[PDB]
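Right, one structure below, let's go through it.
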Amino acid sequence: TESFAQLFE
Amino acid sequence: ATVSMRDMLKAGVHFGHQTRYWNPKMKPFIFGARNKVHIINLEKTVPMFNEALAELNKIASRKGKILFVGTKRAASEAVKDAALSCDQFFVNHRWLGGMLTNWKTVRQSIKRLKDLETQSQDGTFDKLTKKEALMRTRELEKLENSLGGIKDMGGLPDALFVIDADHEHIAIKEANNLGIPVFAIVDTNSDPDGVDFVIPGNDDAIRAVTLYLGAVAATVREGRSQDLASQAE
Amino acid sequence: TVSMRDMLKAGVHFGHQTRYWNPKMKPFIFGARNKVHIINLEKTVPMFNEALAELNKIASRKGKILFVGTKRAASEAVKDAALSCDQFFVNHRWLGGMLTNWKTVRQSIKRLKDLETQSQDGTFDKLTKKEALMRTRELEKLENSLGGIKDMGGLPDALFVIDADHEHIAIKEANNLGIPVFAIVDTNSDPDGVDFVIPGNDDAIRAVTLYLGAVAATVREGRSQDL
Ligand SMILES: [Zn+2]
């Protein structure tokens with residue numbers, strides 16, 4: 001799954 | 001019962017309150033500060049939620065009574081439907097102070113309540129007075145508001161699933177005094193020490209709240225499936 | 001015409017407790033769970049669909065269907081359904097000899113109709129002297145079962161039974177005379193003489209209404225297509 005940081009960005 | 005780590009992301013579970021109102025104990029579930037808010041760590045969140053789901057599922061299998069607590073007006077409506085859908089009763093808005101412990105005294109209250117309901121299709125037609133009629137209706141309404149949704153129980157519930165927890169700190173205290181396990185959707189300003197299954201979500205937007213309600217609702221249906229029959233056709 | 005989603009809601013798949021079960025019904029059963037047999041719905045529909053076709057076929061030649069539902073629960077339900085399709089019904093004990101012994105029961109119906117009018121008109125009243133009470137009460141008893149077939153119906157061309165055990169007496173007389181029969185057989189009922197069979201829960205109020213709905217539907221449809 002995609003990293004939380006990138007998703008929130 | 002493994003809600004995608006991305007569905008909640010759009011729901012709004014990530015957005016907490018601001019620092020000015022932030023329980024310092026919640027540090028283990030923090031990711032930073034968007035516009036000085038406090039973004040819950042979803043990766044930290046998700047195992048706990050799914051774990052509680054399984055816990056609550058084995059409960060419903062042993063046929064242990066579950067319970068939910070009303071919060072904001074929107075939350076209360078949502079809680080009601082999910083509960084009625086399956087079972088597990090439900091509170092509404094006030095929690096009727098010391099319901100647990102004064103459960104024997106509120107039991108007499110439930111008794112009187114049901115009698116009035118029964119006598120609401122009896123005593124109403126005969127001996128009706130322009131005074132007594134209003135008395136009966138009004139009292140029933142108040143009693144129903146909160147006591148309704150619990151009257152069915154006829155006994156001590158074996159679990160509780162509140163929301164936010166902070167708004168109902170009173171409920172957790174009584175539950176800790178009896179051993180009755182609980183689950184709470186703790187937020188960035190809620191003391192979770194008393195909880196036995198910390199669900200670090202966000203009691204807000206309702207949207208996300210509806211997710212948690214839907215989730216547990218599904219797990220207790222699996223308990224009923226063990227109480228009825230297995231999936232087949 | 002019924003769908004799997006239809007039955008799955010009603011609970012047709014629910015079957016009697018493990019202990020009570022005729023091993024002859026094992027094919028129509030899927031996998032028992034929680035000491036309860038779970039019907040294999042996947043098989044139910046294909047046969048139920050064939051049976052609805054057959055019921056449509058019958059009503060084409062304006063045959064007379066008879067519905068049998070002694071079970072107190074479904075008894076009233078069967079009454080209502082048989083009205084919409086105007087087919088005969090029997091929601092009480094299937095009086096022995098109902099078909100086989102036709103001469104006797106036919107005379108009985110004659111007596112009934114005669115008693116019916118007399119009292120309806122009012123003759124009974126004038127008589128009074130407790131004899132009027134007797135003739136009204138006799139009507140009640142007769143109507144409690146005889147009612148539903150009063151309008152002739154001699155030797156129907158099919159019988160629809162809710163249960164395939166409780167009404168074993170009916171599922172027999174018909175076999176003797178060669179009248180085809182249908183039944184919502186459960187897991188505790190013998191799959192014998194039923195001819196066109198239909199594995200289905202025969203207890204739940206929900207499921208019985210489902211069956212009644214679909215069967216009544218096809219029967220009136222057949223009447224209309226011939227019309
Ligand atoms: Zn909040």
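Residue numbering restarts at 1 in every chain; chains get A, B, ... in the order shown in the structure tokens, and ligands count up from 1 in that same order.
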
To check your reading of the model: which residues sit at most 12 Å from ligand 1 when counting only C-alpha atoms and all ligand atoms? Write the answer as a PyMOL selection string.
chain B and resi 12-18+21-23+37-40+71-72+75+163-167+185-190+200-206+208-209

Chain A contacts to chain B at 9 Å (only C-alpha atoms) as a PyMOL selection string:
chain A and resi 1+4-5+7-8

Counting only C-alpha atoms, which residues of chain C come no farther than 9 Å from chain B, as a ChimeraX atom specification?
/C:4,8,13-14,30-43

Atom pair CA of residue 25 in chain B / CA of residue 160 in chain B: separation (Å):
22.4 Å

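CA of residue 202 in chain C sits 23.1 Å away from CA of residue 64 in chain C.
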
So which bits of chain A end up helix (DSSP H, G or I) when you DSSP the backbone, as a PyMOL selection string?
chain A and resi 4-8

Take the residues from that selection and put them in a file with N, CA, C and O atoms, as a compact mmCIF listing (two decimals), in the first residue's frame.
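Final output, result-v4.txt:
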```
# COMPACT_ATOMS: atom_id res chain seq x y z
N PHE A 4 1.65 6.54 3.88
CA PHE A 4 0.72 7.54 4.40
C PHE A 4 1.18 8.95 4.06
O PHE A 4 0.35 9.81 3.71
N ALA A 5 2.48 9.21 4.15
CA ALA A 5 3.01 10.54 3.85
C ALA A 5 2.65 10.97 2.43
O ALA A 5 2.15 12.08 2.22
N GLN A 6 2.91 10.11 1.45
CA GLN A 6 2.60 10.46 0.06
C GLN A 6 1.10 10.64 -0.14
O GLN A 6 0.67 11.54 -0.86
N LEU A 7 0.30 9.77 0.49
CA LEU A 7 -1.15 9.87 0.36
C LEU A 7 -1.65 11.20 0.91
O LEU A 7 -2.49 11.86 0.29
N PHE A 8 -1.15 11.60 2.08
CA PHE A 8 -1.55 12.86 2.68
C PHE A 8 -1.06 14.06 1.88
O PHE A 8 -1.73 15.09 1.84
```

Using only C-alpha atoms, which protein or nucleic acid residues come within 12 Å of residue 62 in chain B? Drop anything in the same chain fewer than 3 positions from it, and give the result as a PyMOL selection string.
chain B and resi 55-59+65-66+158-159+220+222-227

Would you kindly return, as a PyMOL selection string, each protein, DNA or RNA residue with an atom no farther than 7 Å from any atom of residue 11 in chain B, considering only C-alpha atoms and excluding same-chain residues fewer than 3 positions away?
chain B and resi 7-8+207-208

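Going from CA of residue 54 in chain C over to CA of residue 98 in chain C, you cover 23.7 Å.
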
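Of the residues under consideration (C:49, C:188, C:224, C:218), C:188 shows the shortest atom-to-atom contact distance to residue 28 in chain C when counting only C-alpha atoms.
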
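Inside range 73-201 of chain C, the residues DSSP reads as strand (DSSP E or B) when given the backbone are residues 88, 89, 90, 158, 159, 160, 161, 181, 182, 183 and 197 of chain C.
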
How would the residues just chosen look if you wrote them out with C-alpha atoms as a CSV table (one decimal), in the first residue's frame?
```csv
chain,number,residue,atom,x,y,z
C,88,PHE,CA,-60.0,-24.2,-3.6
C,89,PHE,CA,-58.4,-24.4,-0.1
C,90,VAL,CA,-58.5,-26.4,3.1
C,158,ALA,CA,-53.5,-31.1,-8.5
C,159,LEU,CA,-52.8,-30.6,-4.8
C,160,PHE,CA,-50.5,-28.0,-3.3
C,161,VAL,CA,-49.4,-29.0,0.2
C,181,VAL,CA,-49.4,-33.5,-6.0
C,182,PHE,CA,-46.9,-30.7,-5.0
C,183,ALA,CA,-45.4,-30.1,-1.6
C,197,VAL,CA,-41.0,-31.9,-5.4
```
